[PDB]
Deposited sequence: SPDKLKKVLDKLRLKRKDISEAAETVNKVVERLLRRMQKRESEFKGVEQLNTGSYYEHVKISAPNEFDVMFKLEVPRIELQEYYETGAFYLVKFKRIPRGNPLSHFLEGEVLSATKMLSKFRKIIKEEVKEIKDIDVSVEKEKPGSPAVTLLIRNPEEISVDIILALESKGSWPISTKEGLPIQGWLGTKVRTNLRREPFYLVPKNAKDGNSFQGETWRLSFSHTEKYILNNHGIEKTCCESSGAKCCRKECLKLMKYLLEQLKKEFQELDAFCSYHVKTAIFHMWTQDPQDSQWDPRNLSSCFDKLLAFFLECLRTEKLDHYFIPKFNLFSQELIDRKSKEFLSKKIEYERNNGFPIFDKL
């Protein structure tokens, strides 16, 4: 049965071809625009991210994530309160000076200009039906809506790229030592880290100047290199069911979110974070044999439910950042989700049949 669900979740190449062709055209055009000329974003480079490029996108290739990353040398980070994830950016006749607010590089000012330029360029596109979605307060994304004629959304994410050592709140994160190993962990942590203009929610409003850490590049690597054995899922190695379990859990949540508005606070990143923890807890590829899909999915569900119950789901890269804090998600919402998941779990997952 789970196999049948995975078959239906599996993307079709025809859909992939048609969607990628249009998405690539639109993005290539926006990127070229940024790169020329007298703009503060001139040196941005593209990094494709999220579920489509990690091969865990489900049902249809109808949502694409892409970062336009700007390398910003000599930036100084000040942790926003003790959040671990959120930062004020300051510096040691540059283009980003327009976005200053004191010594502080305002995420909001910079994102607003970035968004302005995207919109202007989108207006110039005549051969493709593309519009930009209304702004969502606090979000780092400029979201495009493409009609291909089928609906495809594309999040363009501005990011700052810093080549320095990662902020200390990440020091005991990425606990992959017994799974992917020490060389991998050390090498990953020598790569750049990113900041996206997602504002910290502070009480009733957002702090407009704040940025949030992003490890999209590291996560992409992990998804593509996820076995304790180097040949995991390769042509001369054994297939595991790690990604299949992730797809099923994402589907379960998507389906539940579709019919209950009280689940608005939950997102796929919660599921992705949960399974990162599970892959740490069960590092052996033998624990993710396709023959044991049902059992791996069940263990993931059990862990997720325990996260809910204990109101604790630590960010995988930033252990003191609790995604399931009361500040972020009300206890009642988490109890609501537990009930719905337990029900589906206890009754053969009827929601999988649409």
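By the record, the deposited chain contains unmodelled runs at 1 to 3, 96 to 99, 362, with no C-alpha atoms placed there.
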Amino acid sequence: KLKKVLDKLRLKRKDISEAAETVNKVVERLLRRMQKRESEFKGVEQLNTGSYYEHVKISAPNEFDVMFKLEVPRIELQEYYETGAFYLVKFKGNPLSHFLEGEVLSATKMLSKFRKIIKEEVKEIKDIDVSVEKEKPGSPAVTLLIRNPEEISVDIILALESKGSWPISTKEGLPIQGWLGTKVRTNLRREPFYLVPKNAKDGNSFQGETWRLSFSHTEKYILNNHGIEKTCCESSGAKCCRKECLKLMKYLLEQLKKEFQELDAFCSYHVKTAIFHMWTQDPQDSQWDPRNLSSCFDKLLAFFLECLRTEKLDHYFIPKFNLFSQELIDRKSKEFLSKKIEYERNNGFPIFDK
From here on, numbers count along this sequence of modelled residues.
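Throughout, rigid core stands for the largest set of C-alpha atoms superposing within 1.5 Å between the two forms.
After superposition on the rigid core, the larger root-mean-square Cα deviation in 7 other deposited structures of this protein belongs to 132 to 140, not to the other of 190 to 198 and 132 to 140. Using the rigid core as the fitting frame, the root mean square C-alpha deviation in 7 other deposited structures of this protein is greater for 51 to 59 than for the other of 288 to 296 and 51 to 59. For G208, the record comparison shows coordinates present in all the other entries of this protein that model its neighbours, with no third of them leaving it out.
In the comparison with other entries of the same protein, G93 is left without coordinates in at least one third of those covering both sides of it.
Remark: stretch with higher mean C-alpha B factor among 93 to 101 and 278 to 286 is 93 to 101.
In this entry, the higher average B-factor at the C-alpha atoms falls on 134 to 142, of the pair 134 to 142 and 186 to 194. Per the deposited record, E124 carries the highest C-alpha B-factor of all listed residues (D155, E124, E161, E172). Comparing the C-alpha B-factors of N225, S214, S205, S236 in the entry, the top value falls on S205. Placement of the Cα temperature factor of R74 within the chain: highest third of the modelled residues, per the deposited record. Ranked by Cα temperature factor within the chain, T49 sits in the lowest third according to the deposited record. The entry lists a Cα temperature factor for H270 that places it in the lowest third of the chain's modelled residues. Among the modelled residues of the chain, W179 sits in the lowest third by CA temperature factor in this PDB entry.
Annotation for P319: C-alpha temperature factor in the lowest third relative to the rest of the modelled chain, per the entry.
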